[PDB]
Amino acid sequence: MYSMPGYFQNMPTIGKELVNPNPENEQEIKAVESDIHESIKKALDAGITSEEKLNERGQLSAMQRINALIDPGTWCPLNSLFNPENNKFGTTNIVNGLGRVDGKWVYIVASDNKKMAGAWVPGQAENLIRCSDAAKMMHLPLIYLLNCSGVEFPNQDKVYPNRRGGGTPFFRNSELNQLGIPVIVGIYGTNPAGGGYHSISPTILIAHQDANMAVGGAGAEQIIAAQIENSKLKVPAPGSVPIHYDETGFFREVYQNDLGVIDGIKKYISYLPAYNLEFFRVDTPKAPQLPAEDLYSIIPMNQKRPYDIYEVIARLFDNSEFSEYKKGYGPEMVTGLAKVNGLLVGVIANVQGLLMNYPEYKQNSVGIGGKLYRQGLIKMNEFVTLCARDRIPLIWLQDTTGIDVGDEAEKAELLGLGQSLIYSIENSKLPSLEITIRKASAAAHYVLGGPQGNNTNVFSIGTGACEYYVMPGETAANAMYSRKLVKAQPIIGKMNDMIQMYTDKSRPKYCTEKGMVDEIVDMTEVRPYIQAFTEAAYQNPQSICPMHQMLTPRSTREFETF
Amino acid sequence: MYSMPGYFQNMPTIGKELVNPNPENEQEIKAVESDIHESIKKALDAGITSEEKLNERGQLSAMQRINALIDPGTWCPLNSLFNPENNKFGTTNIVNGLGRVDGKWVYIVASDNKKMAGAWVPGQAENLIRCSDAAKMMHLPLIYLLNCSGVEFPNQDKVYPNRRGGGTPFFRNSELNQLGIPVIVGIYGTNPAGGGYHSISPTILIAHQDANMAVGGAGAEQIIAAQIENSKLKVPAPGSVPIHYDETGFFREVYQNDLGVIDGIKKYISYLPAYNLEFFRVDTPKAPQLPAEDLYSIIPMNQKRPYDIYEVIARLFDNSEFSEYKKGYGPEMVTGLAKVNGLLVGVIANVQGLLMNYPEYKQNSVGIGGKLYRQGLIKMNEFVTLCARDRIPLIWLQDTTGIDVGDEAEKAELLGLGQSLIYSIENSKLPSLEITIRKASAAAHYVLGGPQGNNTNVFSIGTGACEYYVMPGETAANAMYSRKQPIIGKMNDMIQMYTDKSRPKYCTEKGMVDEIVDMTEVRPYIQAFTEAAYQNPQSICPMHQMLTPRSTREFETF
Amino acid sequence: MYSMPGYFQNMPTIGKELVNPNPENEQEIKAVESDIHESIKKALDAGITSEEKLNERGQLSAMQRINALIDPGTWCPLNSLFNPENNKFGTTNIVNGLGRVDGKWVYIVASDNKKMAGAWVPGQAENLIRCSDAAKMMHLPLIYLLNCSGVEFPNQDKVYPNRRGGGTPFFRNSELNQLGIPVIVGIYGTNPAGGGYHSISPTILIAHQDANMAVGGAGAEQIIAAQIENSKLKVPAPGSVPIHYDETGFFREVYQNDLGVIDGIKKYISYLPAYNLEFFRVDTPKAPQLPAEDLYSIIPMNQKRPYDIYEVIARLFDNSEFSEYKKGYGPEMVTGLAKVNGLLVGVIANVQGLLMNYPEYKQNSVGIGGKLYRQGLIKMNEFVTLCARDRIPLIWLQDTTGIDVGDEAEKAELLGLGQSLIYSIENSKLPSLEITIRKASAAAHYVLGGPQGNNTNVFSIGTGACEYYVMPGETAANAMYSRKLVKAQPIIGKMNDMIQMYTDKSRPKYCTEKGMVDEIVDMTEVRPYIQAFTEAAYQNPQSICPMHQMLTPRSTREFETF
Ligand SMILES: C/C=C/C(=O)SCCNC(=O)CCNC(=O)[C@@H](O)C(C)(C)COP(=O)(O)OP(=O)(O)OC[C@H]1O[C@@H](n2cnc3c(N)ncnc32)[C@H](O)[C@@H]1OP(=O)(O)O
Ligand SMILES: C/C=C/C(=O)SCCNC(=O)CCNC(=O)[C@@H](O)C(C)(C)COP(=O)(O)OP(=O)(O)OC[C@H]1O[C@@H](n2cnc3c(N)ncnc32)[C@H](O)[C@@H]1OP(=O)(O)O
Ligand SMILES: C/C=C/C(=O)SCCNC(=O)CCNC(=O)[C@@H](O)C(C)(C)COP(=O)(O)OP(=O)(O)OC[C@H]1O[C@@H](n2cnc3c(N)ncnc32)[C@H](O)[C@@H]1OP(=O)(O)O
Ligand SMILES: [Cl-]
Ligand SMILES: [Cl-]
Ligand SMILES: [Cl-]
């Protein structure tokens, strides 16, 4: 039932059974993961109105609405801890990520109605753009579970104006619509002004019977007097159901309770165009042959230690199968085709450890795994270009310390080749996933399908072993202060300040808090995200290459045989 | 020598000669303007290495490089005071804006080498994106005068990572290239890592003979020892001319001094495709019939005072001519075609003052100028859609206090119609200029061709009479605290804080508006924008195939 | 003054000095060329009104207007002999091709006012579409020297209706405009209805003082009476200058005579955006090191004879330099980068002669040059894909007898690989030139950047040694009638009818008459056309790859060294 099994089935298998577990390493990784989960929990529960109080007066929390909406176990939260401005509640007042609904993947945004009635808080605008961007790049339906009181008044200057403030998503919703990507909103509670526009910008509007959307809402001693004297009229909240259902017909449908709204959304989701993924499969979905739990021993928290990348790839992709492009050329990178629930993806991943007698442009040299050289860069360039032609999404597994430096490296074209890769990625036009296994550092972070490719990277996730910095604090301390040491003790103070500050500001939690990485995910959650991404990417792709017309597999084969 | 003079020449003229100057108003506006210029000056001069010291060792400052590059008097700086993170030096370490080069408009980005050798500072990445974005939307060549030491080490966490950090411009440069928009870099001084990529991402590389671009540069007591012992070798800065000219050939050309580099850039700029603007003209360029200085009396700093928008439009556009679309329908807005150096633009501007017997969906009502109603919204929708079809760039003059509120307004479809306008703008696909005359407030700021339309708004500028807020502090204080003595404290805290954080300078510092420009600089920017937009447009509507003028005429006669 | 001389300058040189001329071969080719020129001459001079009579009453012929418009010696006519419907005059009543105007290449269409006042004749619509298509694909300004009386009344059914009839160009002109490509028209003489629309559809209208454009023009015994009684009024031809200049302002400018109109057009052409080609050069323009006249000896008219393709490539491209991609892999094809007036092009060309010990999927086999095999097809696929990424236009030199047949070939994926190439070409999105050196046959004609790629092939030209057929008449005779032999003299009659008919209908002149190839060009005109194409393609390209970000040269180098 599949094309070209000779190419796409029974690929080389990779990975060993884990013979030597590392409980202490596992304990270190799980400690990071636990801290993320506790922080996510503490953040979701924060706010003046609890889930309990919400339920008492007939409303569901953001997570209850999501869990009601999605197929159980398909929640891939993104930006859970995103809090670039340090809001007290620890979030941006939206919950967002990928969920599956009766088999259809959709991007989900839910207003956190526990916190200031879903108000726009600092950082929210940016958070929201990352949502509509992901949807845009994947051509994936965007679902708003809206309960939004608009601009948080004290912070208006940070949430109301500017190119990428609270007004932007409404343009982004129109762009999704114009690109042919539907937006569905469940309207809950009071949605004035900023909330109103969030209500009116989507394609389909499903309202709670008590909900409203409006250009403006109901919002010294006389001021208190006027309030009760203007409340005794029982004048209705502007733009309630009798207005936007009965008069304007802007609300297409109206339900009695939150779960009704969710059902309405489900119905409209069921209307949306989506391939049966079977159409794009080259194999029946198969689990990896090696357990993901091993990743807790395989990927070392001791950043000085290498590890075999193949052991990671064997645990993330179907059947631990892998079809490497140009094995032996560019030994610092692994580039090859794999399968995620039967679907083709291109994988690009750093190789760790020492590389004897390499790179070829240096005499008597040893290459450092995690670094990028001429062959690695050209190989990736070719591979990205091949995958682009073939409409094969790229998954980048980053663990990098940069492109090789020095005039020998410069003469090898390395700067040009790294940028050539950037060019290749931008030319690819396909949605891409970036997974930071450990190190995201140097310009290599950018060129390795980094999140700086705003047209291609849908989002990025990291494991608990991950860290982000320009370069290690010690290298940066030398780079920053060495010459000032020769100009002239307060300067060595500054150097230790720097080494410390680089450690502090490169910890997984901080990184995702600032959004350098969208989500820290458990080692056992990496594949689930890959699966969510790949299936979302193949749901309604905007371009097709028939398998028998794909070049990547052919060029791969030829490099093997010729 | 022009198509359809019956439509495009001798349009109705508008505006009166200013009979009653307002010296006190003028003084208030000019005070704001003076404070901007002084702040811009103080910011450009800040940094450890002065223009003087730069010149002594053979280098030009960012502004010297720009002024050498551009036709004199064509500098339209943007983001002069942009400093969202409050860097001490007051800037993002880049100077940027529109300049003209031998008649060709180009977007210019110059590294401020006065400050940490042009290092990436907090806010810079965002600043840079606004540059490549402007270029992208206008299909305008982007010029880098590069002197960039890469990531500022202490602030690496704010300048190195993330979707829109320092790595983003390199993708943006590839996108410009792939969209067919050339990037030209003059490479100066040391450009390692972050600087290297800024050097290598553009289309054309012109290098100073002492310059370098590299993946990585040269960058307890032993550390100082190793330095002098590693400096005695006189080992060359990685990726210098002998490497990137003589070996890789990545530097296409190499010059002896800064002005040589500038000449190289000029030569390559001269290679770039550009219409003679005469091609798109419907008239010979004419100054307005009324002086711009009048704007200092016309546009009131007293925000409670109205003014006649037509008096502004008469002073910004060629010959004070204006061809209004649907005059009398949607009286709260003026929408119509005008001319900027002979080129057609669509103008959309708020009308101020009371509007007797309006809106039509209310009994015995008076409409507030600066607000948006059913007819205004539909009219703008139609006008934007018409101009889009006709490939006519839109210039929005904002002075707004929002769309009308209340259930009567809701039944009039107002929410839907504001969003419909957002849809129309996004559908338009053309580059657009937004000018905040005074008030940028409410969702109206967004729908009136706001900078939130990231695919259409190239950038936005404001006059000294401008201010940005969700709503006035007093209205916000009621909205925030009404339902709730420490509470009246908070309300005055809010009214004050809204005043503080809505002043022109603050607004542009945060980048809510890209530049505060002098009243006499508004037209120059309009001229820069329009001419840049018509230089190499990606789409054409022949004048005789334009709908806007036809539909306009028909509304007048039928 | 150029990027990366190490890659782009001092490429390997190719080709030998011609030691053994072949005068008889030369004579055979030049005979074909002479017949083309005579036919083109006879066609241009045909019509009831001569150039002499035109000049007497103040008008220029199409060729006079073109020659006036263009830089001398830059005329590249296309479709000179295009006459699919066999019109008596031998043409489609338009003259078209590429001309250069003060350094700017433009596509030119001129109404043949010698023939029924520039009326729409059968085949014209198609001819016109090829013009707007070329302009569209190259993003090249389109110039109309219009003198058009609209639909030829007796042939209205063939020139007026249908998806690709006389109304289509007006839509095509709007599409060019919407794509950002300007159309300039010089309006001459009477242009009613069909002519009117041709006048009004362009961007810029320059009128002759006596010209008109109109929805409708002035057009038993009483009918003759009404004519003189309706002519005595001296009622002006509808839509003359007083109307379309003085009233509507549709004519932007008006000139006294034909050369004035041409000067108007020149002025507006001077307004058009165009790179100085220096911007895209990687070298200073250099002539080939070997003379093109040699082509008359090199390319054999005896179709059974091979020849060295390198000798052709050495004579068509700058300095006889060539940078071959994957030399030794896919030995049946040459694919590599070359220079045309300093500008990078990708060249793909058939290798002729026997290929010992090939293809690799057959035991004890000899490959036929001119045929396509696994490595050739994969190589081309890669090369096209590489050049697409790099924004390097492709020039295909076709001399082909098809992809290899048989189940061995089928197992080698040949069908899929040929179609993969079609996919690659369509993915390339760049303008492409196709030159038929000799044989355009089999599906190979299609996959080798054939004119069937309506989004990529701007047009196609052929030498006098060229010929087009599905397969040779003798092979086709067997294929058609062999089985009808076994089933059963009238059948061998039919076989000779076929062999003859295939010869007749595959001669260069017939081929271009039908438009299978757009123009038969002299051996010494091939490079000029390449030069016209390349410079037009680089004039205002819609996409750029910076040289230091180009992959083709890097991947080429690596295949050479690794
Ligand atoms: C261009 C766009 C501009 C804008 O968006 S302008 C902002 C317009 N927004 C409003 O008018 C909202 C006024 N709010 C209500 O009516 C809000 O009670 C509401 C009607 C929702 C919600 O009222 P509830 O009775 O349902 O109370 P909740 O538990 O859901 O939350 C209310 C609580 O959250 C906080 N809250 C709610 N909205 C905001 C905001 N916006 N900012 C800061 N804090 C907020 C505040 O502590 C509120 O207390 P009160 O003021 O006493 O009601
Ligand atoms: C992904 C990309 C990552 C990156 O970009 S990593 C950053 C790589 N950058 C470097 O290695 C630059 C090291 N700098 C030099 O060699 C720099 O002297 C330099 C070679 C330029 C410039 O040296 P000059 O001798 O020309 O001195 P300048 O007046 O131009 O400015 C130097 C001065 O500016 C400041 N400066 C310069 N660069 C930086 C930076 N980057 N951060 C903070 N502050 C800086 C600093 O006070 C410097 O003093 P010293 O350290 O004593 O030289
Ligand atoms: C959807 C679009 C539909 C259409 O285009 S409908 C066609 C509308 N066309 C007309 O009405 C053209 C009528 N022609 C004139 O007025 C034409 O004399 C004319 C005004 C040009 C040209 O008249 P001239 O006096 O300049 O004579 P010319 O030497 O340029 O050529 C005229 C000659 O060409 C021939 N001719 C010209 N036009 C046509 C056409 N169209 N078909 C066939 N043959 C034609 C014919 O033999 C003509 O002889 P007359 O009929 O005695 O004038
Ligand atoms: Cl790097
Ligand atoms: Cl509003
Ligand atoms: Cl074939």
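Side chains included, hydrogens not; waters and symmetry mates left out as well; all remaining heavy atoms used. Throughout, a chain's letter reflects where its sequence line sits, starting with A, and its residues are numbered from 1.
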d(B:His544 NE2, C:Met213 CE) to nearest 0.5 Å is 7.0 Å
When you measure from the side chain of C:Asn96 to the backbone of C:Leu78, do you find a donor-acceptor pair of N or O atoms at a distance under 3.5 Å?
yes
For the student: nearest non-hydrogen atoms of C:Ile94 and C:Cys131, plus distance
CD1-SG, 4.2 Å
The criterion is side chain to side chain donor-acceptor pair (under 3.5 Å); which residues satisfy it with B:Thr284, sequence neighbours excluded?
none
Who passes side chain to side chain donor-acceptor pair (under 3.5 Å) against B:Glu531, sequence neighbours left out?
B:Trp105, B:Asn341
In short, C:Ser111 meets C:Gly118 closest at the heavy-atom pair CB-CA, 4.4 Å
If only atom types and distance count, is the side chain of B:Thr530 paired as donor or acceptor with the main-chain N or O of B:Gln527 below 3.5 Å?
no
Taking side chain to side chain donor-acceptor pair (under 3.5 Å) as the definition, give me every residue that meets it alongside B:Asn319, ordered by chain and number, with sequence neighbours left out.
B:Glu321
Would you check if the side chain of C:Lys104 reaches a backbone N or O of C:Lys266 as a donor-acceptor pair within less than 3.5 Å?
no
According to the interplanar angle, ranging from 0 to 90°, do the rings of C:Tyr268 and B:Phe279 count as parallel (below 30°), tilted (30 to 60°) or perpendicular (above 60°)?
perpendicular
How many angstroms lie between CZ in B:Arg389 and CE in B:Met546, if you round to the nearest 0.5 Å?
9.0 Å
Looking at every heavy atom in both B:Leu344 and B:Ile392, which two are closest together, and how far apart are they?
O-CG2, 3.8 Å
Interatomic spacing from CG in C:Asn86 to NZ in C:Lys88 - rounded to 0.5 Å
14.0 Å
Please find the pair of heavy atoms, one from B:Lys379 and one from B:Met333, that lie closest to each other, and give the distance.
NZ-O, 2.7 Å
Can you confirm whether B:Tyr329 is buried at OH, in the sense that more than 12 heavy atoms of other residues, nucleotides or ligands lie under 6.0 Å from that atom?
yes
For residues 7-14 of chain B, run the donor-acceptor check on the side chains, cut-off 3.5 Å, and write out each pair with its distance to 0.1 Å, sequence neighbours left out.
none

salt_bridge(B:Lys326, B:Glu382) N-O dist < 4.0 Å
yes
Evaluate the criterion side-chain contact (heavy atoms from CB on, under 4.5 Å) for residue pair B:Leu397 and B:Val347; output intermediate values, then yes/no.
CA-CA 7 Å; B:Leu397 313 182; B:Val347 182; 4.2 Å; yes
Heavy-atom side-chain contact between C:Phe459 and C:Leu98 under 4.5 Å
yes
What residues form a side chain to side chain donor-acceptor pair (under 3.5 Å) with B:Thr552, not counting sequence neighbours?
none
Close side-chain approach of C:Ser174 to B:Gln545, heavy-atom, < 4.5 Å:
yes
Show the nearest heavy-atom pair for residues B:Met138 and B:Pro431, with the distance to one decimal.
CG-CB, 3.9 Å
At their closest point, which heavy atom of B:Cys387 faces which heavy atom of B:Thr548, and how far apart are they?
N-OG1, 3.6 Å
So, do C:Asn454 and C:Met137 sit near enough that their side-chain heavy atoms are less than 4.5 Å apart?
no
Spell out, as yes or no, whether a donor-acceptor pair under 3.5 Å connects the side chain of C:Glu519 to the backbone of C:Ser80.
yes
Given side chains that start at C-beta, do those of C:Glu85 and C:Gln124 come closer than 4.5 Å, heavy atoms only?
no
If we check side chain to side chain contact (heavy atoms under 4.5 Å, CB included) with C:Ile108, which of these qualifies: C:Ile66, C:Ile265, C:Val95, C:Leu142?
C:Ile66
Are C:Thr92 and C:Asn79 close enough that some pair of their side-chain heavy atoms sits under 4.5 Å apart?
no
Just do the side-chain contact (heavy atoms from CB on, under 4.5 Å) check on C:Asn155 and C:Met116 with the steps written out, would you?
CA-CA 12 Å; C:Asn155 285 324; C:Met116 300 159 277; over 6 Å; no
Flag yes if more than 12 heavy atoms outside C:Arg163 fall under 6.0 Å of its CZ atom; otherwise flag no.
no
Do we get B:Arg391 above B:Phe280's six-membered ring, with its NZ or CZ under 6.0 Å from the centre and within 45° of the axis?
no
Check for a donor-acceptor pair, side chain of B:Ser539 on one end and backbone N or O of C:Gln178 on the other, with a separation under 3.5 Å.
yes
For a 4.5 angstrom cut-off between non-hydrogen side-chain atoms, does C:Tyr107 reach C:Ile143?
no
If you count every heavy atom of other residues, nucleotides or ligands that lies below 6.0 Å from B:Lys286 atom NZ, does the total exceed 12?
yes
Does a side-chain N-to-carboxylate-O contact under 4.0 Å join B:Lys339 and B:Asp318?
no
Whether C:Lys114 side chain and C:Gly47 backbone form a donor-acceptor pair below 3.5 Å:
no
Close side-chain approach of C:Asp102 to C:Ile269, heavy-atom, < 4.5 Å:
no
Polar side-chain atom of B:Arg281 near backbone of B:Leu343 as donor-acceptor pair, under 3.5 Å:
no
Check this for me: C:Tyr160, atom OH, are more than 12 non-hydrogen atoms of other residues, nucleotides or ligands nearer than 6.0 Å?
no
Pair B:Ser320, B:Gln289: side-chain N/O donor-acceptor within cut-off below 3.5 Å:
no
So, the side chain of C:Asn87 versus the backbone of C:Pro122: is there a donor-acceptor pair under 3.5 Å, distance only?
yes
Side-chain donor or acceptor of C:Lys115 paired with backbone N/O of C:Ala46 under 3.5 Å:
yes
Just how far is it from atom OG of B:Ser432 to atom CZ of B:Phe529, taken to the nearest 0.5 Å?
5.5 Å
Donor-acceptor pairs under 3.5 angstrom involving side-chain atoms of residues 179-201 of chain C: please list them, not counting sequence neighbours.
{"from": "C:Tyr188", "atom 1": "OH", "to": "C:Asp258", "atom 2": "O", "distance (Å)": "3.3"}
{"from": "C:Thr190", "atom 1": "OG1", "to": "C:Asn212", "atom 2": "ND2", "distance (Å)": "3.1"}
{"from": "C:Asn191", "atom 1": "ND2", "to": "C:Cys148", "atom 2": "O", "distance (Å)": "3.4"}
{"from": "C:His198", "atom 1": "ND1", "to": "C:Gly194", "atom 2": "O", "distance (Å)": "3.4"}
{"from": "C:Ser199", "atom 1": "OG", "to": "C:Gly195", "atom 2": "O", "distance (Å)": "3.2"}
{"from": "C:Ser201", "atom 1": "OG", "to": "C:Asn173", "atom 2": "OD1", "distance (Å)": "2.8"}
{"from": "C:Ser201", "atom 1": "OG", "to": "C:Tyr197", "atom 2": "O", "distance (Å)": "2.8"}

Side-chain (C:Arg130) to main-chain (C:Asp518) donor-acceptor, under 3.5 angstrom
no
May I ask you to test the B:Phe322-B:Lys327 pair for a side-chain heavy-atom distance under 4.5 Å?
no
